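S.K.: Let me begin by handing over the structure; questions about it come next.
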Amino acid sequence: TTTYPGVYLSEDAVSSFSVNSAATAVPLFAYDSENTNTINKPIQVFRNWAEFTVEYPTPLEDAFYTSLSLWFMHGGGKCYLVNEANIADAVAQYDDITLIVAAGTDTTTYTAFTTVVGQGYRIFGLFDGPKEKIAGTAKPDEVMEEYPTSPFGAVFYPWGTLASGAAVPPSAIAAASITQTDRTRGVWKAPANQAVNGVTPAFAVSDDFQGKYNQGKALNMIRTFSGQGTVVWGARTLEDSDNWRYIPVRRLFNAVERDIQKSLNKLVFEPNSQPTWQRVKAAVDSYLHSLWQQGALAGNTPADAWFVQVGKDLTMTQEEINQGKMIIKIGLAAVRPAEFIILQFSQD
Amino acid sequence: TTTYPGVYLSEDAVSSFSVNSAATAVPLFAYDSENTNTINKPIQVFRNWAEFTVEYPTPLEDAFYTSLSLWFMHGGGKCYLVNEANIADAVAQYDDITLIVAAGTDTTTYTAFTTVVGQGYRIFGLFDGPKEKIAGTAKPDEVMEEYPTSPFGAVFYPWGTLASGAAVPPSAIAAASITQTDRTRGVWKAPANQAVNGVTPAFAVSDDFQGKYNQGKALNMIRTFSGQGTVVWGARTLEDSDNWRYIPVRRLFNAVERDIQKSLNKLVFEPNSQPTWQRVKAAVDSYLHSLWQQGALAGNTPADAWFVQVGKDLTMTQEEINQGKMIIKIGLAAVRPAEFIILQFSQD
Amino acid sequence: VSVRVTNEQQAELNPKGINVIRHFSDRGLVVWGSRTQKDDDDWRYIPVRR
Amino acid sequence: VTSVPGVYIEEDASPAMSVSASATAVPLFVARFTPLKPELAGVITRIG
């Protein structure tokens, strides 16, 4: 208003915006409801190794005690611990969960995993394998119907044994390989050849028993080589479709949208006009261009690597503008692991 | 009126209109009247998994408890639960029912299903199969006269067993496949190859026992393959006529009119003139053009895919205009599943 | 707020257009929704009316 | 499908496919043998 004479001043209305990167690793673990040597509190929050020792002063032998001791020993960070009846509540609240691992629970865990997928929370679990010693005489399929088929998760069979103490479920071994990966070099690279320390596998599998379990589903054995030892081996998800294999290409799309959806919550109820459309289009591709130089998604002439478009008649025509909708679409081509390396000799 | 001198102002009389999309999945279930471990309230309304657990604290073994636990575990939403004597009341009130499934009730359910079809409520039920083990020696027809022949419904035989607990009636298994279909990719695609999780079929059927039950009626077995598992198989309704087969082509016409009939309730008692006829004609085809680019109904030159016409002498001549009637007709060609894929080799 | 509203009955109250005061964890209380009463495509929004 | 304003997330799903070749080898033999265990009497067995 301009009621009285004098010196008035106004400032800018709106400023720029951009997305903040990630967290990339916050797991919740699988407590057991019938367990005794533990607290009756369902949800615990642990931040580092310090308070875990003052809460649990004695070294135990249970599967959860051997799992968190393997998480923190390879780095690790803020990790939760919930009972196996309250996953569907704990994911919908804490707003930062990435991994649902199974610390030796199978039956009631697979139902609570596919529950929070059904609402579309964009999460990535990972499961256990069978207990001991597939004989390898026959039956390649009947050990694989007890696992929920979905593009979220792997199984990690061979059951490392932790020669210091008792056995370790392999979800903890797989979760430790992701921690020293995203801290070292990105999330688009597979938790594939980074070695773990202090864990030996109980079995020696083969070179060819990997072969018959590489199609259909994704056993993803844990095999020890000469030189580098006790390393993980194979990064494959449960389906075999040419869009959704290769666990790192799933986690790339899984973490490239949880930072855009987190940022655009302060841009709703904004006027659906022309200066909005040229500002979101100029803010998204400035995040992808920072992601293309880092080697996350492959392609020259970076108009070929991705595309962003938003407008008035290419998308969201006039009648659905009157309903308030503001629809966009972006598409990008990620990288894939070089799982097979073949090389040809000739004479020329 | 223009009584006194001064500045008057008027505004526009009528504005544009368009249709709102859909809901596509609100089921009501089949309670049992003689059941004891339950509430005597006939009509319950459940919205998600939270209040279902506080109402039913103990895990039970009854057919309805195993049905809703399979609905919510694959996503799901707002679902009702009515006794088997009050379907004819609950559909006529709540104005959003789409599916009438049978949770292990056959005798009194088939009468209440065909009741609300008789008033033309445009609904699509789905039924159970026979109990166990067609021997396959003979008799292809005598298991199929106890089912009401209508273009609404299927049977879904093999009675999945839910290896965690007790048996599951296959109406719940079929209803879970529709939920992760319309959320993923449209309603015109059949609940056909999207896999379910945590349910194993009790039987292994055949490759050819599907064959003799594919004509006449539509057994639509549930068969487990290698790789992808426990998937549904076959989308066929009860008749074999070349207009009404293929369950997705029924639900396409079933949901393309429940949004036009919902919208035109605010356009009755409007003057039947020339500016009305050019406005409904320009509002319907702007909804079909949004539906043609999405791949719902097939055809190039989109004047060939549908047609809309409304006028004074092509339809609704002068005498039935004096009775108030405003009749239109629109016609469109949908898509159909590629149930059979044959391929021919040659040499040229 | 006096009564805590959740997202599953936000779906019912956002048609028959009435607005809602929401509670969030990080930023506290906030107003939510900007729809007027009568729901033809002429004026369904507060600013287009104002 | 959309009631609370919020922000919604959505992806495009498609069965887009390609074809890769297997090997034309590894038969089975139906001669007579002497198995060591009774479950190896009449079932197909993979030999590496």
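Chain labels run A, B, ... following the order of the structure tokens; each chain numbers its residues from 1, and ligands are numbered from 1 in the order shown.
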Excluding same-chain residues fewer than 6 positions from residue 3 of chain C, what lies within 12 Å of it counting only C-alpha atoms, as a PyMOL selection string?
M.R.: chain C and resi 20-23
S.K.: Excluding same-chain residues fewer than 5 positions from segment 13-20 of chain D, what lies within 10 Å of it counting only C-alpha atoms, as a PyMOL selection string?
M.R.: (chain A and resi 241-244) or (chain B and resi 184-185)
S.K.: Which residues, written as a list in words, have at least one atom at most 7 Å from residue 334 of chain B, with only C-alpha atoms counted and residues fewer than 6 positions away on the same chain left out?
M.R.: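 Within the cut-off, the hits are residues 249, 296, 297 and 298 of chain B.
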S.K.: So that I can check the surroundings of residue 183 of chain B, please list as a list in words every protein, DNA and RNA residue that reaches within 10 Å of it, counting only C-alpha atoms and ignoring chain neighbours fewer than 3 positions away.
M.R.: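 Contacts, with the query itself left out: residues 118, 119 and 120 of chain A; 24, 25, 75, 76, 178, 179, 180, 186 and 187 of chain B; 1 and 10 of chain D.
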S.K.: Take the residues just selected and output them with C-alpha atoms as a PDB file, in the first residue's frame.
M.R.:
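Everything below was put into again02.pdb:
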ATOM      1  CA  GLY A 118       3.031 -51.456  -2.153  1.00  0.00           C
ATOM      2  CA  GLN A 119       2.632 -47.820  -1.131  1.00  0.00           C
ATOM      3  CA  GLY A 120       5.648 -46.893  -3.268  1.00  0.00           C
TER       4      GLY A 120
ATOM      5  CA  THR B  24     -10.543 -47.809 -10.719  1.00  0.00           C
ATOM      6  CA  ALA B  25     -10.289 -49.997  -7.597  1.00  0.00           C
ATOM      7  CA  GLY B  75      -0.497 -52.251  -1.729  1.00  0.00           C
ATOM      8  CA  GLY B  76      -4.251 -51.758  -1.708  1.00  0.00           C
ATOM      9  CA  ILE B 178      -5.343 -55.635 -10.372  1.00  0.00           C
ATOM     10  CA  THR B 179      -4.032 -53.329  -7.632  1.00  0.00           C
ATOM     11  CA  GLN B 180      -0.399 -53.337  -8.773  1.00  0.00           C
ATOM     12  CA  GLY B 186      -3.273 -48.148 -16.777  1.00  0.00           C
ATOM     13  CA  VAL B 187      -6.478 -50.173 -16.634  1.00  0.00           C
TER      14      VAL B 187
ATOM     15  CA  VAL D   1      -5.986 -41.044  -8.153  1.00  0.00           C
ATOM     16  CA  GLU D  10       5.801 -42.099 -10.823  1.00  0.00           C
TER      17      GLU D  10
END
S.K.: Quick check: residues of chain B within 9 Å of chain C, only C-alpha atoms, returned as a PyMOL selection string.
M.R.: chain B and resi 14-18+47-48+266
S.K.: Leaving out residue 66 of chain A and any residue of its chain fewer than 6 positions from it, which residues lie within 8 Å of it when counting only C-alpha atoms, given as a PDB file with N, CA and C atoms, in the first residue's frame?
M.R.:
ATOM      1  N   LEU A  60      27.696 -61.204  23.135  1.00  0.00           N
ATOM      2  CA  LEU A  60      26.691 -62.244  23.012  1.00  0.00           C
ATOM      3  C   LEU A  60      26.976 -63.088  21.770  1.00  0.00           C
ATOM      4  N   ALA A 166      30.770 -66.500  16.398  1.00  0.00           N
ATOM      5  CA  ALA A 166      29.763 -67.373  15.815  1.00  0.00           C
ATOM      6  C   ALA A 166      29.439 -66.887  14.404  1.00  0.00           C
ATOM      7  N   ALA A 167      28.392 -67.440  13.802  1.00  0.00           N
ATOM      8  CA  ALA A 167      28.133 -67.162  12.400  1.00  0.00           C
ATOM      9  C   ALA A 167      27.537 -65.770  12.221  1.00  0.00           C
ATOM     10  N   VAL A 168      27.650 -65.267  10.997  1.00  0.00           N
ATOM     11  CA  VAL A 168      27.129 -63.963  10.609  1.00  0.00           C
ATOM     12  C   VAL A 168      26.156 -64.179   9.460  1.00  0.00           C
TER      13      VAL A 168
END
S.K.: Restrict the distance test to only C-alpha atoms, flag each residue of chain A within 7 Å of chain B, and return the flagged residues as a PyMOL selection string.
M.R.: chain A and resi 111+114-115+118-119+148-149+216-217
S.K.: Could you save the residues just selected, with N, CA, C and O atoms, as a PDB file, in the first residue's frame?
M.R.:
ATOM      1  N   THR A 111       6.819 -60.413   4.171  1.00  0.00           N
ATOM      2  CA  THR A 111       5.525 -59.745   4.085  1.00  0.00           C
ATOM      3  C   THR A 111       5.640 -58.257   4.395  1.00  0.00           C
ATOM      4  O   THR A 111       5.038 -57.426   3.706  1.00  0.00           O
ATOM      5  N   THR A 114       7.416 -56.304   1.298  1.00  0.00           N
ATOM      6  CA  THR A 114       6.554 -55.996   0.164  1.00  0.00           C
ATOM      7  C   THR A 114       5.355 -55.134   0.544  1.00  0.00           C
ATOM      8  O   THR A 114       4.643 -54.672  -0.353  1.00  0.00           O
ATOM      9  N   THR A 115       5.117 -54.908   1.836  1.00  0.00           N
ATOM     10  CA  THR A 115       4.073 -53.975   2.244  1.00  0.00           C
ATOM     11  C   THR A 115       4.443 -52.542   1.877  1.00  0.00           C
ATOM     12  O   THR A 115       3.696 -51.857   1.167  1.00  0.00           O
ATOM     13  N   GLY A 118       4.357 -51.616  -1.581  1.00  0.00           N
ATOM     14  CA  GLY A 118       3.031 -51.456  -2.153  1.00  0.00           C
ATOM     15  C   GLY A 118       2.513 -50.033  -2.118  1.00  0.00           C
ATOM     16  O   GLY A 118       1.734 -49.634  -2.988  1.00  0.00           O
ATOM     17  N   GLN A 119       2.929 -49.248  -1.124  1.00  0.00           N
ATOM     18  CA  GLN A 119       2.632 -47.820  -1.131  1.00  0.00           C
ATOM     19  C   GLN A 119       3.619 -47.007  -1.960  1.00  0.00           C
ATOM     20  O   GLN A 119       3.400 -45.804  -2.141  1.00  0.00           O
ATOM     21  N   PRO A 148      10.435 -63.445  -2.412  1.00  0.00           N
ATOM     22  CA  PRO A 148       9.452 -62.628  -3.139  1.00  0.00           C
ATOM     23  C   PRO A 148      10.113 -61.978  -4.346  1.00  0.00           C
ATOM     24  O   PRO A 148      11.059 -61.200  -4.211  1.00  0.00           O
ATOM     25  N   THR A 149       9.605 -62.302  -5.533  1.00  0.00           N
ATOM     26  CA  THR A 149      10.173 -61.775  -6.770  1.00  0.00           C
ATOM     27  C   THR A 149       9.792 -60.312  -6.960  1.00  0.00           C
ATOM     28  O   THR A 149       8.611 -59.958  -7.036  1.00  0.00           O
ATOM     29  N   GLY A 216      17.883 -66.481 -14.524  1.00  0.00           N
ATOM     30  CA  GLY A 216      16.636 -66.617 -13.795  1.00  0.00           C
ATOM     31  C   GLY A 216      16.636 -65.746 -12.555  1.00  0.00           C
ATOM     32  O   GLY A 216      15.977 -64.704 -12.517  1.00  0.00           O
ATOM     33  N   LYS A 217      17.379 -66.168 -11.529  1.00  0.00           N
ATOM     34  CA  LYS A 217      17.547 -65.364 -10.325  1.00  0.00           C
ATOM     35  C   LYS A 217      19.033 -65.229 -10.006  1.00  0.00           C
ATOM     36  O   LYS A 217      19.878 -65.621 -10.816  1.00  0.00           O
TER      37      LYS A 217
END
S.K.: For a test of reading the model, state the distance in Å between atom CA of residue 251 of chain B and atom CA of residue 98 of chain B, rounded to one decimal.
M.R.: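 Pair atom CA of residue 251 of chain B / atom CA of residue 98 of chain B returns 9.7 Å.
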S.K.: Check every residue of chain D for an atom within 12 Å of chain C, counting only C-alpha atoms, and provide those that qualify as a ChimeraX atom specification.
M.R.: /D:1-6
S.K.: Find the residues near segment 40-45 of chain D: any atom within 12 Å, counting only C-alpha atoms, skip ones fewer than 6 places away on the same chain, and give them as a ChimeraX atom specification.
M.R.: /A:136-140 /D:27-34
S.K.: Write out, as a short mmCIF file (atom, residue, chain, number, x, y, z; two decimals), in the first residue's frame, the residues just selected, with N, CA and C atoms.
M.R.:
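Wrote it out as selection_3.cif, contents follow:
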data_model
loop_
_atom_site.label_atom_id
_atom_site.label_comp_id
_atom_site.auth_asym_id
_atom_site.auth_seq_id
_atom_site.Cartn_x
_atom_site.Cartn_y
_atom_site.Cartn_z
N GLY A 136 24.21 -79.53 -5.03
CA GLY A 136 24.57 -79.36 -6.42
C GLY A 136 24.31 -80.54 -7.32
N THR A 137 23.69 -81.61 -6.81
CA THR A 137 23.37 -82.74 -7.69
C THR A 137 22.28 -82.38 -8.68
N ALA A 138 21.28 -81.61 -8.25
CA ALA A 138 20.11 -81.34 -9.07
C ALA A 138 19.43 -80.09 -8.53
N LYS A 139 18.15 -79.92 -8.88
CA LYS A 139 17.19 -78.98 -8.30
C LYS A 139 17.73 -77.55 -8.28
N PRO A 140 17.77 -76.87 -9.43
CA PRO A 140 18.25 -75.49 -9.44
C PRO A 140 17.20 -74.46 -9.06
N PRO D 27 24.02 -82.59 -24.42
CA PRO D 27 22.87 -83.49 -24.58
C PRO D 27 22.58 -84.27 -23.31
N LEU D 28 21.70 -85.26 -23.39
CA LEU D 28 21.58 -86.29 -22.37
C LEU D 28 21.74 -87.67 -22.99
N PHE D 29 22.20 -88.62 -22.18
CA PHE D 29 22.45 -89.99 -22.60
C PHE D 29 21.50 -90.92 -21.86
N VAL D 30 20.97 -91.91 -22.56
CA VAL D 30 19.92 -92.76 -22.00
C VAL D 30 20.40 -94.20 -21.93
N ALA D 31 21.71 -94.39 -21.74
CA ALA D 31 22.26 -95.73 -21.57
C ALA D 31 22.04 -96.20 -20.14
N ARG D 32 22.46 -97.44 -19.86
CA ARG D 32 22.32 -98.01 -18.53
C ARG D 32 23.58 -97.72 -17.71
N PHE D 33 23.38 -97.45 -16.42
CA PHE D 33 24.48 -97.13 -15.52
C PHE D 33 24.28 -97.90 -14.22
N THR D 34 25.13 -97.61 -13.24
CA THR D 34 24.98 -98.14 -11.89
C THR D 34 25.08 -96.99 -10.90
#
S.K.: Counting only C-alpha atoms, which residues from chain A have an atom at most 12 Å from any atom of chain D, and could you show them as a ChimeraX atom specification?
M.R.: /A:119-122,135-140,206-209,211-212,215,239-244,253-254,256-270,323-331
S.K.: Could you write those residues out with N, CA and C atoms, as a tab-separated table (two decimals), in the first residue's frame?
M.R.:
chain	number	residue	atom	x	y	z
A	119	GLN	N	2.93	-49.25	-1.12
A	119	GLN	CA	2.63	-47.82	-1.13
A	119	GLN	C	3.62	-47.01	-1.96
A	120	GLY	N	4.69	-47.62	-2.46
A	120	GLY	CA	5.65	-46.89	-3.27
A	120	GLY	C	6.55	-45.97	-2.47
A	121	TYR	N	7.30	-46.52	-1.53
A	121	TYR	CA	8.23	-45.75	-0.72
A	121	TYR	C	9.63	-45.70	-1.32
A	122	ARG	N	9.85	-46.40	-2.44
A	122	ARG	CA	11.12	-46.37	-3.17
A	122	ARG	C	12.29	-46.79	-2.28
A	135	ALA	N	23.61	-79.30	-2.35
A	135	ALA	CA	24.47	-80.40	-2.76
A	135	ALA	C	24.95	-80.26	-4.20
A	136	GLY	N	24.21	-79.53	-5.03
A	136	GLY	CA	24.57	-79.36	-6.42
A	136	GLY	C	24.31	-80.54	-7.32
A	137	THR	N	23.69	-81.61	-6.81
A	137	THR	CA	23.37	-82.74	-7.69
A	137	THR	C	22.28	-82.38	-8.68
A	138	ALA	N	21.28	-81.61	-8.25
A	138	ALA	CA	20.11	-81.34	-9.07
A	138	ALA	C	19.43	-80.09	-8.53
A	139	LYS	N	18.15	-79.92	-8.88
A	139	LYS	CA	17.19	-78.98	-8.30
A	139	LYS	C	17.73	-77.55	-8.28
A	140	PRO	N	17.77	-76.87	-9.43
A	140	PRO	CA	18.25	-75.49	-9.44
A	140	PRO	C	17.20	-74.46	-9.06
A	206	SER	N	32.68	-72.96	-5.90
A	206	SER	CA	33.25	-73.52	-7.12
A	206	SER	C	33.67	-72.39	-8.05
A	207	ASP	N	34.06	-72.74	-9.27
A	207	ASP	CA	34.01	-71.78	-10.36
A	207	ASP	C	32.73	-71.89	-11.19
A	208	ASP	N	32.10	-73.07	-11.24
A	208	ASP	CA	30.98	-73.31	-12.13
A	208	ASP	C	29.62	-73.38	-11.44
A	209	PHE	N	29.57	-73.59	-10.12
A	209	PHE	CA	28.32	-73.50	-9.38
A	209	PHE	C	27.75	-72.09	-9.37
A	211	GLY	N	27.72	-70.64	-12.18
A	211	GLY	CA	27.22	-70.52	-13.54
A	211	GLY	C	25.74	-70.86	-13.68
A	212	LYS	N	25.29	-71.95	-13.06
A	212	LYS	CA	23.90	-72.35	-13.22
A	212	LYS	C	22.94	-71.55	-12.35
A	215	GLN	N	21.40	-67.20	-14.09
A	215	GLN	CA	20.24	-66.88	-14.91
A	215	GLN	C	18.98	-67.07	-14.07
A	239	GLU	N	14.77	-60.22	-10.94
A	239	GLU	CA	14.30	-60.45	-12.30
A	239	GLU	C	15.47	-60.49	-13.28
A	240	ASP	N	15.20	-61.03	-14.46
A	240	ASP	CA	16.05	-60.85	-15.64
A	240	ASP	C	15.20	-60.19	-16.72
A	241	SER	N	15.09	-58.87	-16.63
A	241	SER	CA	14.61	-58.04	-17.72
A	241	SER	C	15.64	-56.96	-18.04
A	242	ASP	N	15.70	-56.57	-19.31
A	242	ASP	CA	16.78	-55.71	-19.77
A	242	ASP	C	16.63	-54.27	-19.30
A	243	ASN	N	15.54	-53.92	-18.61
A	243	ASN	CA	15.46	-52.64	-17.93
A	243	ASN	C	15.97	-52.71	-16.49
A	244	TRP	N	15.61	-53.76	-15.76
A	244	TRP	CA	15.88	-53.84	-14.32
A	244	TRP	C	16.71	-55.10	-14.06
A	253	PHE	N	18.59	-44.90	-9.99
A	253	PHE	CA	17.27	-44.31	-10.13
A	253	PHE	C	16.56	-44.18	-8.79
A	254	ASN	N	16.96	-44.98	-7.79
A	254	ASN	CA	16.32	-44.93	-6.48
A	254	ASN	C	16.75	-43.71	-5.68
A	256	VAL	N	18.21	-40.81	-7.30
A	256	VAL	CA	18.16	-39.59	-8.09
A	256	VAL	C	16.81	-38.89	-8.00
A	257	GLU	N	15.82	-39.51	-7.35
A	257	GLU	CA	14.51	-38.90	-7.19
A	257	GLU	C	14.14	-38.60	-5.74
A	258	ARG	N	14.77	-39.25	-4.76
A	258	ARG	CA	14.50	-38.93	-3.37
A	258	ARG	C	15.11	-37.61	-2.92
A	259	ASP	N	15.94	-36.98	-3.76
A	259	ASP	CA	16.40	-35.63	-3.51
A	259	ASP	C	15.62	-34.57	-4.27
A	260	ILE	N	15.00	-34.93	-5.40
A	260	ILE	CA	14.11	-34.01	-6.09
A	260	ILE	C	12.76	-33.94	-5.38
A	261	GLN	N	12.23	-35.09	-4.95
A	261	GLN	CA	10.97	-35.09	-4.21
A	261	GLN	C	11.11	-34.42	-2.85
A	262	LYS	N	12.31	-34.46	-2.25
A	262	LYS	CA	12.50	-33.79	-0.97
A	262	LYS	C	12.56	-32.27	-1.14
A	263	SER	N	13.02	-31.80	-2.30
A	263	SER	CA	13.23	-30.37	-2.50
A	263	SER	C	11.97	-29.66	-3.00
A	264	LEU	N	11.18	-30.33	-3.84
A	264	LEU	CA	10.01	-29.71	-4.45
A	264	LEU	C	8.83	-29.58	-3.50
A	265	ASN	N	8.99	-29.96	-2.23
A	265	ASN	CA	7.90	-29.77	-1.28
A	265	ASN	C	7.70	-28.31	-0.91
A	266	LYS	N	8.72	-27.47	-1.11
A	266	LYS	CA	8.59	-26.04	-0.88
A	266	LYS	C	8.25	-25.27	-2.15
A	267	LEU	N	7.88	-25.96	-3.23
A	267	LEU	CA	7.51	-25.32	-4.48
A	267	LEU	C	6.07	-25.61	-4.88
A	268	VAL	N	5.32	-26.38	-4.08
A	268	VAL	CA	3.91	-26.59	-4.37
A	268	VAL	C	3.12	-25.33	-4.05
A	269	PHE	N	1.91	-25.26	-4.61
A	269	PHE	CA	1.03	-24.10	-4.51
A	269	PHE	C	1.66	-22.84	-5.10
A	270	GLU	N	2.67	-22.99	-5.97
A	270	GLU	CA	3.26	-21.88	-6.69
A	270	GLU	C	2.51	-21.66	-8.00
A	323	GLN	N	-7.25	-27.89	-13.91
A	323	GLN	CA	-7.39	-28.72	-12.73
A	323	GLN	C	-6.22	-28.58	-11.77
A	324	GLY	N	-5.20	-27.79	-12.12
A	324	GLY	CA	-4.09	-27.51	-11.24
A	324	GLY	C	-2.86	-28.34	-11.49
A	325	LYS	N	-2.96	-29.41	-12.28
A	325	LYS	CA	-1.85	-30.34	-12.44
A	325	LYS	C	-0.67	-29.66	-13.12
A	326	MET	N	0.53	-30.04	-12.71
A	326	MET	CA	1.77	-29.60	-13.34
A	326	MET	C	2.64	-30.84	-13.57
A	327	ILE	N	2.54	-31.43	-14.75
A	327	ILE	CA	3.21	-32.70	-15.03
A	327	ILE	C	4.48	-32.42	-15.83
A	328	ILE	N	5.55	-33.15	-15.52
A	328	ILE	CA	6.80	-33.09	-16.25
A	328	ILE	C	7.22	-34.52	-16.60
A	329	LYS	N	8.25	-34.63	-17.43
A	329	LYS	CA	8.91	-35.91	-17.64
A	329	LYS	C	10.37	-35.67	-17.99
A	330	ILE	N	11.27	-36.39	-17.32
A	330	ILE	CA	12.69	-36.39	-17.63
A	330	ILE	C	13.17	-37.82	-17.80
A	331	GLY	N	14.14	-38.01	-18.69
A	331	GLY	CA	14.67	-39.33	-18.95
A	331	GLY	C	16.17	-39.33	-19.19
S.K.: Can you list every residue in chain C that DSSP puts in strand (DSSP E or B), as a list in words?
M.R.: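 Taking chain C and keeping strand (DSSP E or B) only, one gets residues 20, 21, 22, 23, 24, 28, 29, 30, 31, 32, 35 and 45 of chain C.
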S.K.: Could you take the residues named above and write them with N, CA, C and O atoms, as a short mmCIF file (atom, residue, chain, number, x, y, z; two decimals), in the first residue's frame?
M.R.:
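Everything below was put into part-v5.cif:
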data_model
loop_
_atom_site.label_atom_id
_atom_site.label_comp_id
_atom_site.auth_asym_id
_atom_site.auth_seq_id
_atom_site.Cartn_x
_atom_site.Cartn_y
_atom_site.Cartn_z
N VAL C 20 -7.48 -27.25 5.40
CA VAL C 20 -7.00 -28.04 6.52
C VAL C 20 -5.73 -27.40 7.07
O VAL C 20 -4.89 -26.91 6.31
N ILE C 21 -5.61 -27.39 8.39
CA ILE C 21 -4.36 -27.04 9.06
C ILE C 21 -3.62 -28.35 9.32
O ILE C 21 -4.15 -29.24 9.99
N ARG C 22 -2.40 -28.46 8.81
CA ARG C 22 -1.61 -29.67 8.96
C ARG C 22 -0.50 -29.46 9.98
O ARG C 22 -0.14 -28.33 10.34
N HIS C 23 0.05 -30.58 10.46
CA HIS C 23 1.23 -30.59 11.30
C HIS C 23 2.34 -31.38 10.62
O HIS C 23 2.11 -32.51 10.17
N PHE C 24 3.53 -30.80 10.55
CA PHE C 24 4.71 -31.49 10.07
C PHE C 24 5.78 -31.51 11.16
O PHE C 24 5.74 -30.72 12.10
N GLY C 28 6.86 -27.69 11.68
CA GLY C 28 5.76 -27.33 12.57
C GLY C 28 4.43 -27.26 11.84
O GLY C 28 4.20 -27.91 10.83
N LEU C 29 3.53 -26.44 12.39
CA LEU C 29 2.21 -26.29 11.81
C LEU C 29 2.27 -25.46 10.53
O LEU C 29 3.10 -24.56 10.39
N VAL C 30 1.37 -25.78 9.60
CA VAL C 30 1.29 -25.06 8.34
C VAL C 30 -0.13 -25.18 7.80
O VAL C 30 -0.79 -26.21 7.98
N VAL C 31 -0.60 -24.11 7.15
CA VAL C 31 -1.87 -24.19 6.43
C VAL C 31 -1.67 -24.97 5.13
O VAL C 31 -0.56 -25.09 4.60
N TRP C 32 -2.76 -25.54 4.63
CA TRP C 32 -2.67 -26.49 3.52
C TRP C 32 -3.97 -26.49 2.74
O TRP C 32 -5.06 -26.54 3.33
N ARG C 35 -8.55 -24.23 -1.84
CA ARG C 35 -9.72 -24.46 -2.68
C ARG C 35 -10.95 -23.82 -2.06
O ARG C 35 -11.12 -23.82 -0.84
N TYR C 45 -10.38 -22.02 -7.16
CA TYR C 45 -9.16 -21.63 -6.47
C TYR C 45 -9.32 -20.25 -5.83
O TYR C 45 -9.97 -19.36 -6.40
#
S.K.: Set the distance at 8 Å and use only C-alpha atoms: which residues neighbour residue 232 of chain B once local chain neighbours fewer than 2 positions away are removed? I'd like the list as an mmCIF file with C-alpha atoms, in the first residue's frame.
M.R.:
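Result file is around.cif:
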data_model
loop_
_atom_site.group_PDB
_atom_site.id
_atom_site.type_symbol
_atom_site.label_atom_id
_atom_site.label_comp_id
_atom_site.auth_asym_id
_atom_site.auth_seq_id
_atom_site.Cartn_x
_atom_site.Cartn_y
_atom_site.Cartn_z
ATOM 1 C CA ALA B 174 -6.886 -62.050 -8.510
ATOM 2 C CA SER B 177 -3.048 -58.492 -9.317
ATOM 3 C CA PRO B 191 -3.985 -58.320 -14.789
ATOM 4 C CA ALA B 192 -2.081 -60.981 -16.647
ATOM 5 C CA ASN B 193 1.692 -61.213 -16.130
ATOM 6 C CA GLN B 194 2.299 -59.046 -13.050
ATOM 7 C CA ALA B 195 3.575 -61.397 -10.365
ATOM 8 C CA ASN B 220 -8.139 -68.891 -16.149
ATOM 9 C CA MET B 221 -5.699 -71.032 -14.201
ATOM 10 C CA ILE B 222 -2.937 -69.801 -11.879
ATOM 11 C CA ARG B 223 0.309 -71.429 -13.005
ATOM 12 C CA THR B 230 3.163 -68.015 -9.067
ATOM 13 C CA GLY B 234 -5.200 -65.911 -18.910
#
S.K.: Between atom CA of residue 52 of chain B and atom CA of residue 64 of chain B, what is the distance in Å, rounded to a tenth?
M.R.: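 Interatomic distance, atom CA of residue 52 of chain B to atom CA of residue 64 of chain B: 12.0 Å.
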